[PDB]
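> Contents of query14.cif (mmCIF, C-alpha atoms) are below:
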```cif
data_target
#
loop_
_atom_site.group_PDB
_atom_site.id
_atom_site.type_symbol
_atom_site.label_atom_id
_atom_site.label_comp_id
_atom_site.auth_asym_id
_atom_site.auth_seq_id
_atom_site.Cartn_x
_atom_site.Cartn_y
_atom_site.Cartn_z
ATOM 1 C CA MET E 1 -6.742 8.358 12.074
ATOM 2 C CA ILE E 2 -5.899 4.994 13.618
ATOM 3 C CA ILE E 3 -7.603 4.906 17.015
ATOM 4 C CA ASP E 4 -7.207 1.303 18.044
ATOM 5 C CA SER E 5 -5.751 -2.064 17.100
ATOM 6 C CA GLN E 6 -6.289 -5.664 18.045
ATOM 7 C CA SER E 7 -4.887 -9.065 17.126
ATOM 8 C CA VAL E 8 -6.457 -11.166 14.389
ATOM 9 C CA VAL E 9 -5.441 -14.658 13.268
ATOM 10 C CA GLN E 10 -3.240 -15.372 10.221
ATOM 11 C CA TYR E 11 -3.336 -19.091 9.286
ATOM 12 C CA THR E 12 -0.662 -21.152 7.514
ATOM 13 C CA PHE E 13 -2.474 -23.480 5.171
ATOM 14 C CA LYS E 14 -0.367 -26.272 3.621
ATOM 15 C CA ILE E 15 -1.518 -27.449 0.274
ATOM 16 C CA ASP E 16 0.149 -30.814 -0.116
ATOM 17 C CA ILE E 17 -0.326 -31.310 -3.861
ATOM 18 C CA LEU E 18 1.181 -27.842 -4.577
ATOM 19 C CA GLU E 19 4.128 -28.465 -2.292
ATOM 20 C CA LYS E 20 4.762 -31.692 -4.211
ATOM 21 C CA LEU E 21 4.415 -29.929 -7.588
ATOM 22 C CA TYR E 22 7.015 -27.389 -6.473
ATOM 23 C CA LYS E 23 9.463 -30.222 -5.724
ATOM 24 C CA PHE E 24 9.105 -31.630 -9.229
ATOM 25 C CA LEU E 25 8.126 -28.753 -11.624
ATOM 26 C CA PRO E 26 9.047 -25.581 -9.746
ATOM 27 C CA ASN E 27 8.457 -23.275 -12.725
ATOM 28 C CA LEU E 28 4.968 -24.633 -13.362
ATOM 29 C CA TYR E 29 4.385 -24.361 -9.657
ATOM 30 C CA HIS E 30 5.297 -20.681 -9.785
ATOM 31 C CA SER E 31 2.862 -20.015 -12.666
ATOM 32 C CA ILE E 32 0.003 -21.841 -11.023
ATOM 33 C CA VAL E 33 0.465 -20.379 -7.612
ATOM 34 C CA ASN E 34 0.540 -16.851 -8.889
ATOM 35 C CA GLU E 35 -2.657 -17.274 -11.000
ATOM 36 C CA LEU E 36 -4.250 -19.034 -8.043
ATOM 37 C CA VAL E 37 -3.588 -16.153 -5.668
ATOM 38 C CA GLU E 38 -4.633 -13.592 -8.230
ATOM 39 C CA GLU E 39 -7.925 -15.323 -9.046
ATOM 40 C CA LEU E 40 -8.781 -15.938 -5.393
ATOM 41 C CA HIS E 41 -8.310 -12.235 -4.742
ATOM 42 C CA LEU E 42 -10.281 -11.168 -7.773
ATOM 43 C CA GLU E 43 -13.278 -13.368 -6.945
ATOM 44 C CA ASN E 44 -13.387 -13.198 -3.211
ATOM 45 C CA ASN E 45 -13.469 -10.164 -1.029
ATOM 46 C CA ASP E 46 -13.469 -11.739 2.426
ATOM 47 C CA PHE E 47 -9.940 -13.097 2.916
ATOM 48 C CA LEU E 48 -6.291 -12.384 2.031
ATOM 49 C CA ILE E 49 -3.996 -15.140 0.813
ATOM 50 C CA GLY E 50 -0.389 -15.175 -0.297
ATOM 51 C CA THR E 51 2.741 -17.270 -0.616
ATOM 52 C CA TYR E 52 5.660 -17.018 1.805
ATOM 53 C CA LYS E 53 9.168 -15.855 0.745
ATOM 54 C CA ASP E 54 10.831 -18.942 2.211
ATOM 55 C CA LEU E 55 11.121 -21.579 -0.465
ATOM 56 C CA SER E 56 11.170 -24.152 2.364
ATOM 57 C CA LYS E 57 7.484 -23.103 2.698
ATOM 58 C CA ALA E 58 6.645 -23.513 -0.973
ATOM 59 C CA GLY E 59 3.130 -24.966 -1.163
ATOM 60 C CA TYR E 60 2.129 -23.172 2.091
ATOM 61 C CA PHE E 61 -0.082 -20.031 2.044
ATOM 62 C CA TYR E 62 -0.824 -17.429 4.680
ATOM 63 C CA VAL E 63 -4.594 -16.950 5.026
ATOM 64 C CA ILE E 64 -6.321 -14.055 6.826
ATOM 65 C CA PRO E 65 -10.165 -14.190 6.875
ATOM 66 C CA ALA E 66 -12.109 -10.931 7.254
ATOM 67 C CA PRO E 67 -13.884 -10.502 10.640
ATOM 68 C CA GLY E 68 -16.893 -12.810 10.660
ATOM 69 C CA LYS E 69 -15.572 -15.034 7.878
ATOM 70 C CA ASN E 70 -15.307 -18.728 8.731
ATOM 71 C CA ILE E 71 -11.736 -19.938 8.087
ATOM 72 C CA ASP E 72 -12.992 -23.402 7.127
ATOM 73 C CA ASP E 73 -15.159 -21.920 4.410
ATOM 74 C CA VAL E 74 -12.096 -20.093 3.067
ATOM 75 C CA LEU E 75 -10.170 -23.360 2.846
ATOM 76 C CA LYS E 76 -12.953 -25.001 0.889
ATOM 77 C CA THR E 77 -12.954 -22.175 -1.587
ATOM 78 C CA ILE E 78 -9.154 -22.334 -1.959
ATOM 79 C CA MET E 79 -9.306 -26.087 -2.608
ATOM 80 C CA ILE E 80 -12.006 -25.755 -5.238
ATOM 81 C CA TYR E 81 -9.663 -23.480 -7.200
ATOM 82 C CA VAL E 82 -6.694 -25.794 -6.553
ATOM 83 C CA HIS E 83 -8.543 -28.919 -7.743
ATOM 84 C CA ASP E 84 -9.406 -27.159 -10.920
ATOM 85 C CA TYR E 85 -5.740 -27.279 -12.065
ATOM 86 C CA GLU E 86 -5.856 -31.097 -11.861
ATOM 87 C CA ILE E 87 -2.281 -31.123 -10.657
ATOM 88 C CA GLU E 88 -2.464 -34.936 -10.226
ATOM 89 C CA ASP E 89 -1.989 -35.079 -14.006
ATOM 90 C CA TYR E 90 1.649 -33.950 -13.772
ATOM 91 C CA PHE E 91 2.864 -36.624 -11.463
ATOM 92 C CA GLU E 92 1.850 -39.230 -14.019
ATOM 93 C CA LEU E 93 4.728 -38.158 -16.181
ATOM 94 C CA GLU E 94 7.325 -37.714 -13.484
ATOM 95 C CA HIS E 95 8.953 -41.113 -14.179
ATOM 96 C CA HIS E 96 10.454 -39.710 -17.458
ATOM 97 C CA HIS E 97 12.629 -37.638 -15.208
ATOM 98 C CA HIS E 98 14.408 -40.671 -13.663
ATOM 99 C CA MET B 1 -4.487 -28.438 6.033
ATOM 100 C CA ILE B 2 -3.945 -25.658 8.561
ATOM 101 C CA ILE B 3 -0.547 -26.284 10.146
ATOM 102 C CA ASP B 4 0.062 -23.104 12.075
ATOM 103 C CA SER B 5 -1.374 -19.746 13.078
ATOM 104 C CA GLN B 6 -0.071 -16.468 14.382
ATOM 105 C CA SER B 7 -1.446 -13.079 15.381
ATOM 106 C CA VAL B 8 -1.653 -10.228 12.890
ATOM 107 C CA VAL B 9 -2.834 -6.667 13.527
ATOM 108 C CA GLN B 10 -6.349 -5.399 12.708
ATOM 109 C CA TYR B 11 -6.514 -1.570 12.877
ATOM 110 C CA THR B 12 -9.527 0.634 13.650
ATOM 111 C CA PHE B 13 -9.287 3.624 11.371
ATOM 112 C CA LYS B 14 -11.653 6.525 12.158
ATOM 113 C CA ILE B 15 -12.638 8.603 9.222
ATOM 114 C CA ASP B 16 -13.911 11.802 10.772
ATOM 115 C CA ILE B 17 -15.731 13.266 7.765
ATOM 116 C CA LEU B 18 -17.658 9.975 7.248
ATOM 117 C CA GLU B 19 -18.584 9.746 10.906
ATOM 118 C CA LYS B 20 -19.961 13.286 10.640
ATOM 119 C CA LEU B 21 -21.857 12.468 7.420
ATOM 120 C CA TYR B 22 -23.479 9.516 9.184
ATOM 121 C CA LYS B 23 -24.738 11.847 11.932
ATOM 122 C CA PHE B 24 -26.429 14.119 9.408
ATOM 123 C CA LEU B 25 -27.329 12.035 6.276
ATOM 124 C CA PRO B 26 -27.210 8.425 7.455
ATOM 125 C CA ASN B 27 -28.721 7.004 4.254
ATOM 126 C CA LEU B 28 -26.207 8.773 2.024
ATOM 127 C CA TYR B 29 -23.549 7.627 4.424
ATOM 128 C CA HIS B 30 -24.668 4.034 3.944
ATOM 129 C CA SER B 31 -24.510 4.327 0.129
ATOM 130 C CA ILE B 32 -21.093 5.918 0.127
ATOM 131 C CA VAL B 33 -19.544 3.608 2.628
ATOM 132 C CA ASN B 34 -20.671 0.524 0.812
ATOM 133 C CA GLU B 35 -19.352 1.738 -2.600
ATOM 134 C CA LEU B 36 -16.162 2.825 -0.861
ATOM 135 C CA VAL B 37 -15.514 -0.608 0.615
ATOM 136 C CA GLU B 38 -16.436 -2.340 -2.606
ATOM 137 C CA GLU B 39 -14.153 -0.183 -4.759
ATOM 138 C CA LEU B 40 -11.232 -0.438 -2.338
ATOM 139 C CA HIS B 41 -11.536 -4.212 -2.496
ATOM 140 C CA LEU B 42 -11.871 -4.307 -6.249
ATOM 141 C CA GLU B 43 -8.800 -2.138 -6.858
ATOM 142 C CA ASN B 44 -6.492 -3.235 -4.128
ATOM 143 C CA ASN B 45 -5.381 -6.703 -3.282
ATOM 144 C CA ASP B 46 -3.179 -6.056 -0.259
ATOM 145 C CA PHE B 47 -5.580 -5.174 2.569
ATOM 146 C CA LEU B 48 -9.077 -5.951 3.900
ATOM 147 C CA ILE B 49 -11.398 -3.184 5.043
ATOM 148 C CA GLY B 50 -14.932 -3.179 6.367
ATOM 149 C CA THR B 51 -17.437 -1.349 8.526
ATOM 150 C CA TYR B 52 -18.334 -2.452 12.051
ATOM 151 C CA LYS B 53 -21.863 -3.607 13.050
ATOM 152 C CA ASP B 54 -22.046 -1.144 15.939
ATOM 153 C CA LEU B 55 -23.652 2.048 14.743
ATOM 154 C CA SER B 56 -21.777 3.810 17.573
ATOM 155 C CA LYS B 57 -18.731 3.030 15.355
ATOM 156 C CA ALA B 58 -20.225 4.424 12.166
ATOM 157 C CA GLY B 59 -17.414 6.174 10.284
ATOM 158 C CA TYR B 60 -14.822 3.709 11.707
ATOM 159 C CA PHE B 61 -13.359 0.884 9.556
ATOM 160 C CA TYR B 62 -11.414 -2.226 10.459
ATOM 161 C CA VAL B 63 -8.244 -2.451 8.345
ATOM 162 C CA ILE B 64 -6.040 -5.547 7.949
ATOM 163 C CA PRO B 65 -2.938 -5.100 5.720
ATOM 164 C CA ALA B 66 -1.441 -8.170 4.023
ATOM 165 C CA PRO B 67 1.962 -9.285 5.427
ATOM 166 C CA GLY B 68 4.568 -6.808 4.224
ATOM 167 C CA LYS B 69 2.042 -4.076 3.460
ATOM 168 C CA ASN B 70 2.659 -0.753 5.199
ATOM 169 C CA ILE B 71 -0.467 0.269 7.152
ATOM 170 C CA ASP B 72 0.256 3.958 6.544
ATOM 171 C CA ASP B 73 0.229 3.401 2.807
ATOM 172 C CA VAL B 74 -3.172 1.716 3.159
ATOM 173 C CA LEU B 75 -4.558 4.756 4.968
ATOM 174 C CA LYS B 76 -3.372 7.070 2.228
ATOM 175 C CA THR B 77 -5.096 4.971 -0.369
ATOM 176 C CA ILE B 78 -8.331 4.892 1.663
ATOM 177 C CA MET B 79 -8.276 8.686 2.026
ATOM 178 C CA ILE B 80 -7.729 9.261 -1.674
ATOM 179 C CA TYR B 81 -10.965 7.362 -2.338
ATOM 180 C CA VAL B 82 -12.743 9.175 0.515
ATOM 181 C CA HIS B 83 -11.715 12.646 -0.708
ATOM 182 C CA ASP B 84 -13.080 11.825 -4.084
ATOM 183 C CA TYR B 85 -16.675 11.914 -2.731
ATOM 184 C CA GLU B 86 -16.133 15.553 -1.682
ATOM 185 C CA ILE B 87 -18.258 14.968 1.380
ATOM 186 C CA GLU B 88 -17.527 18.550 2.560
ATOM 187 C CA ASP B 89 -20.155 19.601 0.006
ATOM 188 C CA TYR B 90 -23.009 18.141 2.077
ATOM 189 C CA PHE B 91 -22.366 20.032 5.235
ATOM 190 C CA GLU B 92 -22.865 23.276 3.342
ATOM 191 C CA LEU B 93 -26.543 22.541 3.150
ATOM 192 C CA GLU B 94 -27.036 21.210 6.643
ATOM 193 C CA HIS B 95 -28.457 24.521 7.947
ATOM 194 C CA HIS B 96 -31.735 23.868 5.998
ATOM 195 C CA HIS B 97 -32.299 21.116 8.487
ATOM 196 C CA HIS B 98 -32.531 23.498 11.492
#
```
Translate the structure of the given file into structure tokens.

Amino acid sequence: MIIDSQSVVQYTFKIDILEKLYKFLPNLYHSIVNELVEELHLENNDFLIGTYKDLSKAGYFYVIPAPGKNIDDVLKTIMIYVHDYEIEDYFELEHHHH
Amino acid sequence: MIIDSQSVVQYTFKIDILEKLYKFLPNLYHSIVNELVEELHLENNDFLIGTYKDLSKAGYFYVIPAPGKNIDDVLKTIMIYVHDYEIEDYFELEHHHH
């Protein structure tokens, strides 16, 4: 059974480029964020990550590192996966939307 | 970047039959607990689980459910995997050790 409990930290990590993608191509944003979260979970066993329900927090992720896992290492891993989508590419065509 | 943080709960779940296995067949215990943790992580994406470094806590696991995940559901899942090892079997032969 459960015999004890203690507080652990849950971080809110803002990923600027994803928040901006959401503002411009929300549907693409949804696709990328869900593959991102799935792949991070499939390839990493030492942290939890997820989106928030509030759309005002689109682009923000909750992050919970396992005991003994360095939060800053988790962020580096998340960003490596994020950079791989080369989201910068999309903003180059945003002007067609004016 | 990190823009906020909050406290989340980390539970200590004692698994009696594993604690008892550790007391009698520590090496088997080590093998089972490490496959258990690996399989729970591979097949479940909504909670973190792990052993503690203190051997006095052998048989106890830290458990951190993702936001919105019901801790009691996590325990049921853990026990399903634990029961599958049929650890009761081992204690039947413990008397040969007297």
> Find the residues near residue 91 (chain B): any atom within 9 Å, counting all atoms listed in the file, skip ones fewer than 2 places away on the same chain, and give them as a ChimeraX atom specification.
/B:20-21,24,87-89,93-95
> Got time to write the residues from that selection, C-alpha atoms, as a PDB file, keeping the file's coordinate frame?

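Writing done, so here's result.pdb:
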```pdb
ATOM      1  CA  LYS B  20     -19.961  13.286  10.640  1.00  0.00           C
ATOM      2  CA  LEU B  21     -21.857  12.468   7.420  1.00  0.00           C
ATOM      3  CA  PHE B  24     -26.429  14.119   9.408  1.00  0.00           C
ATOM      4  CA  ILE B  87     -18.258  14.968   1.380  1.00  0.00           C
ATOM      5  CA  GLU B  88     -17.527  18.550   2.560  1.00  0.00           C
ATOM      6  CA  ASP B  89     -20.155  19.601   0.006  1.00  0.00           C
ATOM      7  CA  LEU B  93     -26.543  22.541   3.150  1.00  0.00           C
ATOM      8  CA  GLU B  94     -27.036  21.210   6.643  1.00  0.00           C
ATOM      9  CA  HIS B  95     -28.457  24.521   7.947  1.00  0.00           C
TER      10      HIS B  95
END
```
> Counting all atoms listed in the file, collect the residues of chain B whose closest atom lies at most 8 Å from chain E, and write them out as a list in words.
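In the required form, that comes to residues 1, 2, 3, 4, 5, 6, 7, 8, 9, 10, 11, 12, 13, 14, 15, 41, 42, 45, 46, 47, 48 and 66 of chain B.
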> Looking at only C-alpha atoms, which of B:19, B:73, B:35, B:54 is the one that sits closest to residue 85 (chain B)?
B:35
> Between CA of residue 59 (chain E) and CA of residue 81 (chain E), what is the distance in Å, rounded to a tenth?
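Those two atoms sit 14.2 Å apart.
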> Counting all atoms listed in the file, which of E:51, E:36, E:23, E:56 gets nearest to residue 68 (chain B)?
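Going through E:51, E:36, E:23, E:56 one by one, the smallest distance to residue 68 (chain B) is for E:51.
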> Record the distance separating CA of residue 58 (chain B) and CA of residue 18 (chain B), expressed in Å with one decimal.
7.8 Å
> Ranking B:90, B:96, B:39, B:29 by minimum distance to residue 77 (chain B) and counting all atoms listed in the file, which one comes first?
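Of B:90, B:96, B:39, B:29, the one nearest residue 77 (chain B), counting all atoms listed in the file, is B:39.
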> Centre and edge lengths, as JSON, for the axis-aligned box enclosing every listed atom of region 13-32 of chain B with 5 Å of padding on each of the six sides, in Å to one decimal?

```
{"center_x": -19.0, "center_y": 8.9, "center_z": 6.1, "size_x": 29.4, "size_y": 20.5, "size_z": 22.0}
```
> Between CA of residue 32 (chain E) and CA of residue 74 (chain E), what distance in Å does the model show, to one decimal?
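CA of residue 74 (chain E) lies at a distance of 18.7 Å from CA of residue 32 (chain E).
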